[PDB]
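Pasting an experimental structure, sequence included:
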Amino acid sequence: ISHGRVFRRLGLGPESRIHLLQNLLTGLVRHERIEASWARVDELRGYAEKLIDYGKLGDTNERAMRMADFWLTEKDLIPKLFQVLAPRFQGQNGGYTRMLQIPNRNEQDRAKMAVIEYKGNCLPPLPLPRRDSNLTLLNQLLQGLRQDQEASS
Amino acid sequence: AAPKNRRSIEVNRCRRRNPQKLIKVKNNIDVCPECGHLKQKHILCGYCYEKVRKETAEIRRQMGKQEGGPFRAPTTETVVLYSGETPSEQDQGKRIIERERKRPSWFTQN
Amino acid sequence: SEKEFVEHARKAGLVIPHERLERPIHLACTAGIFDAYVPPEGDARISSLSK
RNA sequence: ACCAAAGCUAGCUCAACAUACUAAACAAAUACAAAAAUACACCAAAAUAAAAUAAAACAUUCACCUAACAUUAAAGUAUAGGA
RNA sequence: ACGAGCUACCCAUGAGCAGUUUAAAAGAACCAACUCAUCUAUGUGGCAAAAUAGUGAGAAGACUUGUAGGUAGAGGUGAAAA
RNA sequence: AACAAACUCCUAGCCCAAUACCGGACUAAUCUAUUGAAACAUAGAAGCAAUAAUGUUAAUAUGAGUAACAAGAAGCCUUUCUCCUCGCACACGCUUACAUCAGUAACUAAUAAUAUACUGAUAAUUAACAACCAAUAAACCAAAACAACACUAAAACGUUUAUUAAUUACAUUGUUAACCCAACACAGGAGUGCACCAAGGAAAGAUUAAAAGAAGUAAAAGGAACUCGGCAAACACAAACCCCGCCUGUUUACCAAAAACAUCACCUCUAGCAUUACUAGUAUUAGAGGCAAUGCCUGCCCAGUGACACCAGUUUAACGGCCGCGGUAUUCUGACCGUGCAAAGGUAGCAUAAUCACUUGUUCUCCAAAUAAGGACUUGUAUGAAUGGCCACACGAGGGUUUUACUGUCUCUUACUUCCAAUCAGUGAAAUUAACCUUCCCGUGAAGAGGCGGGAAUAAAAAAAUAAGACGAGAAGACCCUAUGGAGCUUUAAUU
RNA sequence: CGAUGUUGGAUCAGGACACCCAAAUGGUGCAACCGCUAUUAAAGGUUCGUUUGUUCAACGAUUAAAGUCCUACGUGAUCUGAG
Ligand SMILES: Nc1nc2c(ncn2[C@@H]2O[C@H](COP(=O)(O)O)[C@@H](O)[C@H]2O)c(=O)[nH]1
Ligand SMILES: [Mg+2]
Ligand SMILES: [Mg+2]
Ligand SMILES: [Mg+2]
Ligand SMILES: [Mg+2]
Ligand SMILES: [Mg+2]
Ligand SMILES: [Mg+2]
Ligand SMILES: [Mg+2]
Ligand SMILES: [Mg+2]
Ligand SMILES: [Mg+2]
Ligand SMILES: [Mg+2]
Ligand SMILES: [Mg+2]
Ligand SMILES: [Mg+2]
Ligand SMILES: [Mg+2]
Ligand SMILES: [Mg+2]
Ligand SMILES: [Mg+2]
Ligand SMILES: [Mg+2]
Ligand SMILES: [Mg+2]
Ligand SMILES: [Mg+2]
Ligand SMILES: [Mg+2]
Ligand SMILES: [Mg+2]
Ligand SMILES: [Mg+2]
Ligand SMILES: [Mg+2]
Ligand SMILES: [Mg+2]
Ligand SMILES: [Mg+2]
Ligand SMILES: [Mg+2]
Ligand SMILES: [Mg+2]
Ligand SMILES: [Mg+2]
Ligand SMILES: [Mg+2]
Ligand SMILES: [Mg+2]
Ligand SMILES: [Mg+2]
Ligand SMILES: [Mg+2]
Ligand SMILES: [Mg+2]
Ligand SMILES: [Mg+2]
Ligand SMILES: [Mg+2]
Ligand SMILES: [Mg+2]
Ligand SMILES: [Mg+2]
Ligand SMILES: [Mg+2]
Ligand SMILES: [Mg+2]
Ligand SMILES: [Mg+2]
Ligand SMILES: [Mg+2]
Ligand SMILES: [Mg+2]
Ligand SMILES: [Mg+2]
Ligand SMILES: [Mg+2]
Ligand SMILES: [Mg+2]
Ligand SMILES: [Mg+2]
Ligand SMILES: [Mg+2]
Ligand SMILES: [Mg+2]
Ligand SMILES: [Mg+2]
Ligand SMILES: [Mg+2]
Ligand SMILES: [Mg+2]
Ligand SMILES: [Mg+2]
Ligand SMILES: [Mg+2]
Ligand SMILES: [Mg+2]
Ligand SMILES: [Mg+2]
Ligand SMILES: [Mg+2]
Ligand SMILES: [Mg+2]
Ligand SMILES: [Mg+2]
Ligand SMILES: [Mg+2]
Ligand SMILES: [Mg+2]
Ligand SMILES: [Mg+2]
Ligand SMILES: [Mg+2]
Ligand SMILES: [Mg+2]
Ligand SMILES: [Mg+2]
Ligand SMILES: [Mg+2]
Ligand SMILES: [Mg+2]
Ligand SMILES: [Mg+2]
Ligand SMILES: [Mg+2]
Ligand SMILES: [Mg+2]
Ligand SMILES: [Mg+2]
Ligand SMILES: [Mg+2]
Ligand SMILES: [Mg+2]
Ligand SMILES: [Mg+2]
Ligand SMILES: [Mg+2]
Ligand SMILES: [Mg+2]
Ligand SMILES: [Mg+2]
Ligand SMILES: [Mg+2]
Ligand SMILES: [Mg+2]
Ligand SMILES: [Mg+2]
Ligand SMILES: [Mg+2]
Ligand SMILES: [Mg+2]
Ligand SMILES: [Mg+2]
Ligand SMILES: [Mg+2]
Ligand SMILES: [Mg+2]
Ligand SMILES: [Mg+2]
Ligand SMILES: [Mg+2]
Ligand SMILES: [Mg+2]
Ligand SMILES: [Mg+2]
Ligand SMILES: [Mg+2]
Ligand SMILES: [Mg+2]
Ligand SMILES: [Mg+2]
Ligand SMILES: [Mg+2]
Ligand SMILES: [Zn+2]
């Protein structure tokens, strides 16, 4: 009975789970876009989002510093978190991460795959799904309705 | 526990041709507006994502060449440029990667 | 428990046994046409004229 | 429709004959731990065949059972046997 | 006829035994390497035609162990368990 | 009445069931003799006909796409991270499995990616290390142990002197490896020297987070109430008492490690001796045995059976034995009396025992409660003295009992992790299996029915779970009996 | 007998009624409380410990009561193995 369990079991145990996410996160902060097992990426996303929040607490905060010290494994990144990533998220509260499902891995294990990304990175943009345009027949029919909600008010 | 009798072919056909063991037809397949290959509706297009992946690889390669070693990563934002381009005033003060290829149609300048 | 398949068919051109042919290939014909006669460009309008 | 199926050859068997009976191949190496050119020694030998089995058990006995004399008969006779 | 390259017991010839405790290298003591195989759970076409995990017993001796040699079935060998 | 058969009529016939044994008539397919010539006839011959041997070989199913198997993460692709620690060399063994380039549709890897293991081509380990590498005389009693000097069990390892030893660059041979023995690229077995990391490696193919199973950590109050037993576990890692063996040691490789064996000690027997054992020894020695250190002891018997003495006679630390009936002290007992039989008549000790039964003997202690444990009583009429009897120290993975302590053993279970698990992808076994279109009840029946009778029930198919039945699978029952079937062992079996 | 694996526990219990408890009654050498009998009723219940391998049995403490039996002396392809 799994009721209300938020964290999925990975690795060799709870600790191995933390270290798996450690590596994933470090990879994410370095390269800013990575791809991995859909489940693991999903699991990661929360952490990846909170790390930016500790980053916003600034260099001088001790808690944030040893936090970043534990999570970012290659130490050289710790400045990047504080002096690059954390600044470029200022206005936005929670919007840091984009996560999409990629087609299943071509290897024989055929896994379920996801790409995860920090917004505002400098890379060729992911081919996101576009909503239909407004010129589409159905949407036009709705535009009619809208303008008649404006005309009747 | 060992089977008491050989299961006949009729019984067996009943088991393995049963509806629940058949592959189920996927109805969510569609065409990518871009390249006109196939994709499932809730998933990124494989072909397009390959374009992006290759280019990303090349960029990362060339930004590994600008870093003399494993542990040097910039303390500044970076921006990637293509043949016949120059850094904007807004984009200066940043790390600059210069690629030979002309800027791809899907990739915007931003 | 140890037995393998046979018969993977291959065509290998090699010049050495091709040279060792004891009865060299006898041709009834030559593959090309030596001199190609190149006709008049108005040969359609001279065809309705007999002489 | 897959998996499959069908061949007639390779050689063999049994006798006959036959000269006579250890084939072929030997450059080197071969009985050192065979195939390793070269140092004072040793070297060599023989003793009954037995039992399974039959006798409805088993105890004397039990044809043939790696010893040239064939064939037609005498004859399954004389004989021998826990007779 | 063939077998002692496993194993039983021998013969030659090598090799190991740290730390601690003791006047002591005393078939004493604690405890590794090493050697055994107590109890339990796994395992039971198994990792394994006898193992794994824990736990145990000995650990300068009637100790462990390498190499070469010996004893042969009416036999050998045996701190007898046929 | 009717309905109801291998009975009997009716219409036709080729005109009356059957197991072991017996008789008969035909006949498939081969071959041969003559025919024949779109596959036959008359004869003659035979390796002359397969639904049954846990038949043989090959091939295929079923079980089953089940059990089971594997590659730490990202990335700029061999760079960083996250973890775990059997490493380098030599000997023995293996024999090119090593190296470079290329290939991998399929073949090896229990799966891929790719390649130390599949395929092909081409190369390679170079002696200084190692192997190979004198005889005959003669002086030497004097351990290795940091060797000063000693201990007992008396100890591996060489100098010098003399006599001759071809005398003259370069001889020959081992040099790869991720390796060997286990049918496997096997969690097993493997000698030595150095190291504990500077070297080696990866527990997870991807998910999900059901049961049951495995492995772990934690647990309210209680603390052995669990149970054959505190087995296992534990924040405990302590004390006592019995039985048996003195002790360290040994044993049934693969169900027994013990109370069995050995053993110091003590005892019997047998030997007066020389070049292969015993022994290069000589009765304070050497063999054959018994018993089990120490301590107190080891009583009586030579009639039988042995063995000495070839007969007498001697031997029990040789095989082995060690009794009754009647009458008596006012009474139960029986010092005493009678008498029979024996070779001697069971002595000392110990005792309801690891000791036929009676037996849960009786009583005391221990517990709220004991067929347990301990202490006594004790004819044990079947104890008992080297096939040893009694005490005892120390010792014991031996077998029993108490106390403390500790605890999920239990009251009475619970939470969470990992492996299994279930889903996705790859590969893909096993016993088993007359055929199955494979229900329940009561009856029946080779005496316990899915299958018969009488009733009930009943669209068809997966996937997950449980084990009541299929007298479920395994192994031609090890128990039991039989066979004029075996073998091992012992003798007072018979032949020798 | 080309195997129908055997005692007692554990777990889960299915059934009978010849009722131990709970319910309704008849008779009493039934005043009352207790009891002793007999009829009817099987939905539900039927304890925890010390010793024994034990089933029985003895004993301690209780209970509304601590039933008698059948089920391959129920149940080992679920466990135990003391006997
Ligand atoms: N000795 C004997 N056995 C018979 C006789 N009849 C029938 N049998 C036996 O009975 C059995 C078969 O009986 P059925 O099948 O003939 O009714 C077989 O064992 C068969 O030998 C007879 O007359 N004598
Ligand atoms: Mg006979
Ligand atoms: Mg016969
Ligand atoms: Mg016989
Ligand atoms: Mg004979
Ligand atoms: Mg005579
Ligand atoms: Mg040997
Ligand atoms: Mg030492
Ligand atoms: Mg010692
Ligand atoms: Mg072990
Ligand atoms: Mg444990
Ligand atoms: Mg240990
Ligand atoms: Mg010890
Ligand atoms: Mg000890
Ligand atoms: Mg030998
Ligand atoms: Mg014999
Ligand atoms: Mg013998
Ligand atoms: Mg021994
Ligand atoms: Mg014995
Ligand atoms: Mg015996
Ligand atoms: Mg009729
Ligand atoms: Mg008739
Ligand atoms: Mg008839
Ligand atoms: Mg014929
Ligand atoms: Mg035949
Ligand atoms: Mg057939
Ligand atoms: Mg079979
Ligand atoms: Mg058959
Ligand atoms: Mg299949
Ligand atoms: Mg199945
Ligand atoms: Mg599985
Ligand atoms: Mg792995
Ligand atoms: Mg090999
Ligand atoms: Mg190679
Ligand atoms: Mg493969
Ligand atoms: Mg080497
Ligand atoms: Mg996992
Ligand atoms: Mg897995
Ligand atoms: Mg579970
Ligand atoms: Mg558990
Ligand atoms: Mg615990
Ligand atoms: Mg507790
Ligand atoms: Mg108890
Ligand atoms: Mg109890
Ligand atoms: Mg224990
Ligand atoms: Mg304890
Ligand atoms: Mg204790
Ligand atoms: Mg002992
Ligand atoms: Mg054993
Ligand atoms: Mg042993
Ligand atoms: Mg022991
Ligand atoms: Mg054992
Ligand atoms: Mg003894
Ligand atoms: Mg004495
Ligand atoms: Mg004594
Ligand atoms: Mg005596
Ligand atoms: Mg005498
Ligand atoms: Mg006498
Ligand atoms: Mg006494
Ligand atoms: Mg008795
Ligand atoms: Mg006696
Ligand atoms: Mg005696
Ligand atoms: Mg006695
Ligand atoms: Mg002592
Ligand atoms: Mg003890
Ligand atoms: Mg011992
Ligand atoms: Mg012991
Ligand atoms: Mg809990
Ligand atoms: Mg699968
Ligand atoms: Mg049906
Ligand atoms: Mg029935
Ligand atoms: Mg019917
Ligand atoms: Mg029926
Ligand atoms: Mg079942
Ligand atoms: Mg059964
Ligand atoms: Mg069976
Ligand atoms: Mg039989
Ligand atoms: Mg049996
Ligand atoms: Mg018997
Ligand atoms: Mg008979
Ligand atoms: Mg006989
Ligand atoms: Mg005799
Ligand atoms: Mg039977
Ligand atoms: Mg059967
Ligand atoms: Mg019930
Ligand atoms: Mg009644
Ligand atoms: Mg009542
Ligand atoms: Mg009831
Ligand atoms: Mg009965
Ligand atoms: Mg039963
Ligand atoms: Mg039972
Ligand atoms: Mg059963
Ligand atoms: Zn596309």
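Good, I have the coordinates. Numbers count the residues shown, from 1 in each chain, chains lettered A, B, ... in the order given. Ligands and ions are numbered 1, 2, ... in the order given.

Neighbours of residue A:152, how many?
When neighbours are counted by other CB atoms under 10 Å in any protein chain shown, residue A:152 registers 6. No exception for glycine: its C-beta is placed from N, CA and C like everyone else's.

cool, and residue A:115?
Residue A:115, neighbours per other CB under 10 Å, totals 20.

So it is in contact with residue A:100, correct?
Yes. Using CB atoms under 8 Å, residue A:115 is in contact with residue A:100, at 5.5 Å.

Quick check: neighbours shared by these two?
In the contact map built from CB atoms under 8 Å, 6 or more residues apart in numbering or on different chains, the residues linked to both residue A:115 and residue A:100 are A:126, B:44.

Which strands or helices does the longest helix belonging to chain B pack on?
Within chain B, and with DSSP state H defining each element, the longest helix by residue count is helix B:46-65. Packing partners of helix B:46-65 (3 or more CB pairs under 8 Å, 6 or more residues apart in numbering or on different chains; DSSP states H and E): strand B:95-98.

And the longest helix of chain B, how far out from the chain middle?
Helix B:46-65 sits 10 Å away from the centroid of its parent chain (CA atoms, centre = their mean, to the nearest Å).

what are the ranges of the strands in the chain?
I went with chain A, as the question did not name one. For chain A, the strands identified by DSSP state E occupy A:33-37, A:97-102, A:113-118, in order along the chain.

you looked at the wrong chain, it should be chain B
B:29-31, B:38-40, B:78-81, B:95-98.

before we move on, back to that, show residues contacting the longest helix of chain B.
Judged by CB under 8 Å, 6+ apart, the contacts made with helix B:46-65 from elsewhere in the structure are A:31, A:33, A:102-103, A:115, A:123-127, B:32, B:34-35, B:37, B:39, B:78, B:80, B:95, B:97-99, B:104, B:106-107.

Between strand A:97-102 and that helix, find me the angle.
Relative orientation of helix B:46-65 versus strand A:97-102 (axes from the mean of the first three to the mean of the last three CA atoms, to 10 degrees): 130 degrees.

how near is the residue nearest to the spatial centre of chain A to residue A:107?
The residue at the geometric middle of chain A, judged as the C-alpha nearest the mean C-alpha position with CA atoms, centre = their mean, is residue A:97 (2.9 Å). Applying CB to CB, to the nearest Å, one obtains 26 Å for the distance of residue A:97 from residue A:107.

Also residue B:77?
Distance, residue B:77 to residue A:107, by CB to CB: 35 Å.

for stretch A:50-63, which positions count as buried?
Of the residues in stretch A:50-63, those with enough neighbours to count as buried (16 or more other CB atoms under 10 Å in any protein chain shown) are A:51, A:52, A:54, A:55, A:57.

Nearest to ligand 93 among the residues you listed?
residue A:52 (30.8 Å; CB to the ion).

coming back round to it: deepest of the strands of chain A, which one?
Each of the strands of chain A was scored by mean neighbour count; the highest is strand A:113-118, a mean of 22, by mean count of other CB atoms under 10 Å in any protein chain shown.

residue ranges for the strands of chain C, please.
Along chain C, no stretch is classed among the strands by DSSP E.

Show me the residue at the heart of it, geometrically.
Closest residue to the average C-alpha location of chain C: residue C:31 at 5.6 Å, with CA atoms, centre = their mean.

Identify the residues contacting it.
So, once contact is read as CB under 8 Å, 6+ apart, residue C:31 ends up touching nothing.

quick one: the closest residue to residue A:44 other than its chain neighbours and residue A:118, what's the gap?
Distance criterion CB to CB, 6 or more residues apart in numbering or on different chains; nearest residue to residue A:44, sequence neighbours excluded, is residue A:24 at 4.8 Å. Using CB to CB, one gets 13 Å for the distance from residue A:24 to residue A:118.

Pull out the buried residues from stretch A:88-95.
By neighbour count, with 16+ other CB under 10 Å as the criterion, the buried positions of stretch A:88-95 are residue A:89.

What separation is there between the residue nearest to residue A:44 and RNA strand F?
With distances defined as CB to the nearest atom of the strand, to the nearest Å, the gap from residue A:24 to RNA strand F amounts to 5 Å.

That residue: how many residues sit nearby?
Neighbour count of residue A:24, defined by other CB under 10 Å: 21.

List the contacts of it.
In this structure, residue A:24 makes contact with A:34, A:36, A:40, A:41, A:44, judged by CB under 8 Å, 6+ apart.

Repeat that for residue A:27.
Taking CB under 8 Å, 6+ apart as the criterion, residue A:27 is in contact with residue A:34.

Do you have the helices of chain A handy? List them.
Listed in chain order, the helices of chain A (DSSP H) span A:14-31, A:38-56, A:62-71, A:77-80, A:86-88, A:137-151.

Select, out of those, the one closest to residue B:91.
Between residue B:91 and these, the shortest separation by CB to CB is 13.3 Å, and it involves helix A:86-88.
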